[PDB]
Amino acid sequence: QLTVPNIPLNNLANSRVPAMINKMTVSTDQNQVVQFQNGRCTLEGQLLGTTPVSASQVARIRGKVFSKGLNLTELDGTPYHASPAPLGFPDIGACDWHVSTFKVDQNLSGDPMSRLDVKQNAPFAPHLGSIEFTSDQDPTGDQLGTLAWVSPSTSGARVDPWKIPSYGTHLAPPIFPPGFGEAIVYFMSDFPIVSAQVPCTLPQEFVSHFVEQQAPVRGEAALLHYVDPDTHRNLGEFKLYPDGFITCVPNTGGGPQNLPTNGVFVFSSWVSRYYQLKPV
Amino acid sequence: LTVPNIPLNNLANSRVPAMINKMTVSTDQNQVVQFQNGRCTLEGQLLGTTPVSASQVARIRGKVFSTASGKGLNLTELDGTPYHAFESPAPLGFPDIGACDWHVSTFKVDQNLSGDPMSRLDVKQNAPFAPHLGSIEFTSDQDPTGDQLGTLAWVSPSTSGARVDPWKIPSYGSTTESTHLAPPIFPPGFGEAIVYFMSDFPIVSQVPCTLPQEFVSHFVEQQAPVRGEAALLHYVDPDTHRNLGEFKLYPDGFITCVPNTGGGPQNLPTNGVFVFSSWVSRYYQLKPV
Ligand SMILES: CC(=O)N[C@@H]1[C@@H](O)[C@H](O[C@@H]2O[C@H](CO)[C@H](O)[C@H](O)[C@H]2O[C@@H]2O[C@@H](C)[C@@H](O)[C@@H](O)[C@@H]2O)[C@@H](CO)O[C@H]1O
Ligand SMILES: CC(=O)N[C@@H]1[C@@H](O)[C@H](O[C@@H]2O[C@H](CO)[C@H](O)[C@H](O)[C@H]2O[C@@H]2O[C@@H](C)[C@@H](O)[C@@H](O)[C@@H]2O)[C@@H](CO)O[C@H]1O
């Protein structure tokens, strides 16, 4: 039978930035469509987009410096073959990235870190296997690192982390709010954004759970309960869809942002696509 | 009982935020370690400072304080809640790379950020380093204030010519002080050697751990009854399905093999999957690998 991880929300990682989840929310416009490329996995365990398996692959970049830019590789150094980008590549669109890297095969001295400042303008072509950067340091060779922070693409612009990059690209498809009155649940993390939290649609440990289990889909949606692990009380009903995202019906004026963050999702039963949830 | 059905190279280190790139045995196979992260019993009991998620590994959170002699952090758990000094050496996820300077990249939580949002906190493991009592001191070229959350970025020598040995752990107390350490892991005899999972990480002048992080969360998640003295695992090539070697997973939460003379698991491919085979006696005799 399908299961979801027996891990409380506050011990689950974001699948789009290296951070822990600290709350759930729904979008202000509950019809908003998203197309995240990380955190994407079907219930049967099919990875989509650039989604990697481990939380320590999320939003990291590796490549060989050319001088300047990176000729991208997979995170293990093996060749990237022109998926939208290497697995784990960040998907925070329409902003500058600031990526902290080190030289992998190097006897290191001094300060080993370089910060790569990356713009999402014309030379940003990760699908083709390269990006450009500027840096106040002097990185060379095989650089591996992690998205550290983001900032506006142009002066006065705002960063919207609900957007994805233009990779060129075999994108994971958009997610449309399904059914009637349902709102997609977004799992939020603090992250340093110059000029708001970063949303994702599955906690990272849910992605690896589905990859490991390869459970067959036996209905149109899976009803989950979000349970207090001490009193065992059901705190809310949620629907987990085969395409790999979760919805709720938010109480008017409220929603899952009002729930405690130490609850555990538990599979309850397979239900009909239009099963109508108790508002939360 | 199961272990993660995930290839080794897709598993995270439990002591630094990095992926595992190989296994090895220690050069002295009688060496005892006492890592505080990556520690969890097979029944799912976390030990030491070990957290559940790979994105909690080697992170620090606290509130900045200033005195006449400099700045520091009054530590919290990574979610900002009170630190459990009564039962742990430090907040869960706190780094356990001993006897070196740490360089930790942090940002101010709940701050409308402008300019460069990052601070690098340079931390020495000298006298004011008493994380168990709830504070550490740092120097920084930036001006961090308030609630800072961040991740160990790199490590360097404590003194000029010293050498960073990432097999060591910190001294968490200020004195005789009880710090609630996870106990040492002893090679269990009869030629068995502890298996160490290694990652690249920036060390000025690889980092081992004893469980991949996803094994820890797997054990916490299942709360599986331990039904024998050890669990026999096979390390299986996922493309050819061939058994590449036998390993033993002990209830206290570590893995051994018997390494071939001159060799060992460092000579195995790094994309295999561990698979539970059977519960066995603590003295189940392994074929060398
Ligand atoms: C008040 C003012 O003029 N501030 C300027 C900063 O906004 C500039 O930062 C840069 O801002 C652009 C957007 O217009 C873009 O976000 C750049 O990535 C960003 O530069 C980053 O942040 C800077 C503070 C530096 O740390 C730089 O190395 C980073 O790459 C800066 C830089 O142009 O000028 C200020 O005057
Ligand atoms: C002597 C040499 O070849 N290089 C020196 C660096 O090793 C020094 O860095 C500092 O080294 C001490 C060890 O005695 C300790 O590891 C400090 O943490 C380390 O400082 C870090 O690295 C420095 C290079 C700076 O980037 C500093 O901001 C970091 O915090 C430096 C110290 O200025 O002197 C070099 O000559």
Side-chain angles (χ1 to χ4, degrees), chain A residues 5-15 17-22 54-58 146 187 189-190 203-206 208-209 229 261-262 264, chain B residues 4 11-20 34-62 73 75-97 102 104 106 109 131-132 134 136 149-152 169-170 172 179-182 197 199 201 207 209-223 253-254:
Chain A
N6 180 34
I7 299 173
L9 187 80
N10 54 11
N11 278 334
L12 296 173
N14 203 286
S15 52
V17 284
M20 300 307 294
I21 293 165
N22 72 351
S54 180
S56 292
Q57 289 162 324
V58 171
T146 301
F187 301 94
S189 293
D190 299 325
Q204 184 60 34
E205 290 81 359
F206 275 52
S208 56
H209 187 86
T261 59
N262 70 331
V264 176
Chain B
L11 297 172
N13 203 285
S14 53
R15 293 177 73 227
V16 283
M19 300 307 291
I20 293 164
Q34 197 175 6
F35 305 153
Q36 295 301 302
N37 286 327
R39 304 293 303 272
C40 186
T41 70
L42 197 42
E43 292 181 340
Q45 180 188 355
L46 293 167
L47 307 172
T49 52
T50 304
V52 174
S53 180
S55 290
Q56 288 162 325
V57 168
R59 302 192 82 186
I60 300 179
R61 187 171 178 171
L73 291 182
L75 299 175
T76 63
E77 301 293 335
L78 294 172
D79 65 357
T81 67
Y83 151 49
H84 297 209
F86 71 98
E87 63 177 358
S88 306
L92 299 194
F94 194 81
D96 79 336
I97 314 303
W102 295 348
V104 184
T106 66
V109 184
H132 178 251
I136 56 177
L149 167 60
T151 300
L152 181 66
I169 60 158
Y172 295 86
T179 62
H180 314 300
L181 300 170
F197 301 94
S199 293
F201 194 75
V207 176
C209 67
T210 47
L211 287 171
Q213 185 61 34
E214 290 80 358
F215 275 55
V216 171
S217 55
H218 190 91
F219 302 159
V220 173
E221 199 270 333
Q222 310 275 96
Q223 296 294 308
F254 62 94

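Below, each value reflects all heavy atoms present in this structure, side chains not excepted, and no hydrogens, waters or symmetry copies. In what follows, chains carry the letters A, B, and so on, assigned in the order in which the sequence lines appear, proteins first and then strands, with residues in each chain numbered from 1.
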*Asks:* How long is the gap from OG1 on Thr261(A) to CG on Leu9(A), to the nearest 0.5 Å?
*Replies:*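 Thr261(A) OG1 to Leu9(A) CG: 6.0 Å, rounded to 0.5 Å.
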*Asks:* Closer than 3.5 angstrom, by distance alone: can the side chain of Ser14(B) be matched with the main-chain N or O of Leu211(B) as a donor-acceptor pair?
*Replies:*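 Looks like yes, one N/O pair under 3.5 Å.
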*Asks:* Verify, without hydrogens or angle tests, whether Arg61(B) (side chain) and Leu149(B) (backbone) share a donor-acceptor contact under 3.5 angstrom.
*Replies:*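 Side chain of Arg61(B) to backbone of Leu149(B): no pair is present.
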*Asks:* Report yes or no: does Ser189(A) contribute a side-chain atom to a donor-acceptor pair with the main-chain N or O of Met20(A) at less than 3.5 Å?
*Replies:*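 Yes, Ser189(A) side chain to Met20(A) backbone: donor-acceptor pair under 3.5 Å.
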*Asks:* For residues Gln213(B) and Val52(B), report the shortest heavy-atom separation together with the two atoms involved.
*Replies:*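 That would be NE2-O, 2.9 Å.
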*Asks:* If you compare all heavy atoms of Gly134(B) against all heavy atoms of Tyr83(B), which two are closest, and at what distance to 0.1 Å?
*Replies:*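 Closest pair (atom of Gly134(B), atom of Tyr83(B), distance): CA-CE2, 3.9 Å.
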*Asks:* I'd like to know whether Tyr172(B) forms a side-chain contact (heavy atoms from CB on, under 4.5 Å) with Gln36(B), so could you lay out the CA-CA distance, the side-chain angles of the two residues, the decisive distance to 0.1 Å, and finally the verdict.
*Replies:* CA-CA 11 Å; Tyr172(B) 295 86; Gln36(B) 295 301 302; 3.5 Å; yes
*Asks:* Step by step, would you call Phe201(B) with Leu152(B) a side-chain contact (heavy atoms from CB on, under 4.5 Å)?
*Replies:* CA-CA 10 Å; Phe201(B) 194 75; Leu152(B) 181 66; 4.1 Å; yes
*Asks:* Just one of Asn14(A), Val17(A), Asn22(A) clears the side-chain contact (heavy atoms from CB on, under 4.5 Å) bar with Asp190(A), so which one?
*Replies:*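 Exactly one candidate clears the test, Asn22(A).
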*Asks:* Just by distance, do the side chain of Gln222(B) and the backbone of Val220(B) share a donor-acceptor pair under 3.5 Å?
*Replies:*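 Checking the backbone N and O of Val220(B) against the side chain of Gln222(B), no donor-acceptor pair under 3.5 Å is found.
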*Asks:* Quick one: pull up OG in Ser217(B) and CG in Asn6(A) and give me the separation to the nearest 0.5 Å.
*Replies:*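 Going from OG on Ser217(B) over to CG on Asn6(A), the span is 11.0 Å.
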*Asks:* So do the side chains of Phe215(B) and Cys209(B) get within less than 4.5 Å of each other, counting heavy atoms only?
*Replies:*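 They are not in contact (no side-chain heavy atoms under 4.5 Å apart), so the answer is no.
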*Asks:* What verdict does the side-chain contact (heavy atoms from CB on, under 4.5 Å) test give for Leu75(B) and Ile60(B), after you've listed the backbone C-alpha separation in whole Å, the side-chain angles of each residue and the deciding distance to 0.1 Å?
*Replies:* CA-CA 8 Å; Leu75(B) 299 175; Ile60(B) 300 179; 3.8 Å; yes
*Asks:* Return yes if some donor-acceptor pair links the side-chain N/O of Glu205(A) with the main-chain N/O of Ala55(A) below 3.5 Å, else return no.
*Replies:*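 Judged by distance alone, no pair lies under 3.5 Å.
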*Asks:* Taking all atoms of both residues into account, what is the closest heavy-atom pair of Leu78(B) and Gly93(B), and its distance?
*Replies:*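 So the two residues come closest at CD1-CA, 4.4 Å.
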*Asks:* Compare every heavy atom of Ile20(B) with every heavy atom of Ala12(B), then report the nearest pair and how far apart it is.
*Replies:*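 Smallest heavy-atom distance, with atoms named: O-CD1, 3.6 Å.
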*Asks:* How many angstroms lie between atom OG of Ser53(B) and atom CD1 of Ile7(A), to the nearest 0.5 angstrom?
*Replies:*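 Atom-to-atom, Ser53(B):OG and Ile7(A):CD1 are 8.0 Å apart.
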*Asks:* Looking at residues at least two apart in the chain, or sitting in another chain, which of them share a ring pair (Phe, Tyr, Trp, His ring centres under 6.0 Å) with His132(B)?
*Replies:*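 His180(B).
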*Asks:* Using the salt bridge (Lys or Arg N to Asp or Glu O under 4.0 Å) rule, collect all pairs that involve residues 76-94 of chain B, keeping only residues at least two apart or in two chains.
*Replies:*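 Those involving residues 76-94 of chain B do not exist here.
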*Asks:* If every non-hydrogen atom of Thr146(A) is compared with every non-hydrogen atom of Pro18(A), which pair is closest and at what distance?
*Replies:*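 Heavy atoms only, the tightest pair is CG2-CG, 3.7 Å.
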*Asks:* Quick one: does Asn37(B)'s side chain have a donor or acceptor within less than 3.5 Å of a partner on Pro51(B)'s backbone?
*Replies:*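 Flag not set: sc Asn37(B) to bb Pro51(B) has no pair under 3.5 Å.
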*Asks:* Got a second to check how far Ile97(B)'s CD1 is from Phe35(B)'s CZ, nearest 0.5 Å?
*Replies:*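 Rounded to the nearest 0.5 Å, the CD1-CZ separation comes out at 8.0 Å.
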*Asks:* Going by the angle between their ring planes, with limits at 30° and 60°, are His84(B) and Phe86(B) parallel, tilted or perpendicular?
*Replies:*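 Plane angle under 30°, so parallel.
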*Asks:* Once ring pair (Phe, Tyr, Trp, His ring centres under 6.0 Å) is applied, do any residues pair with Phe254(B), and if so which ones, sequence neighbours excluded?
*Replies:*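 Applying ring pair (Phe, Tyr, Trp, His ring centres under 6.0 Å) to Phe254(B) gives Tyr250(B).
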*Asks:* Could you check whether any side-chain N or O of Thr50(B) sits under 3.5 Å from a backbone N or O of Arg39(B), counting only pairs where one atom can act as donor and the other as acceptor?
*Replies:*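 It does hold such a pair.
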*Asks:* Could you tell me the separation between the CG atom of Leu47(B) and the OG atom of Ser88(B), rounded to the nearest 0.5 Å?
*Replies:*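 Rounded to the nearest 0.5 Å, the CG-OG separation comes out at 10.0 Å.
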*Asks:* Compare every heavy atom of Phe94(B) with every heavy atom of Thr49(B), then report the nearest pair and how far apart it is.
*Replies:*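 The pair with the smallest heavy-atom distance is OG1-O, 3.8 Å.
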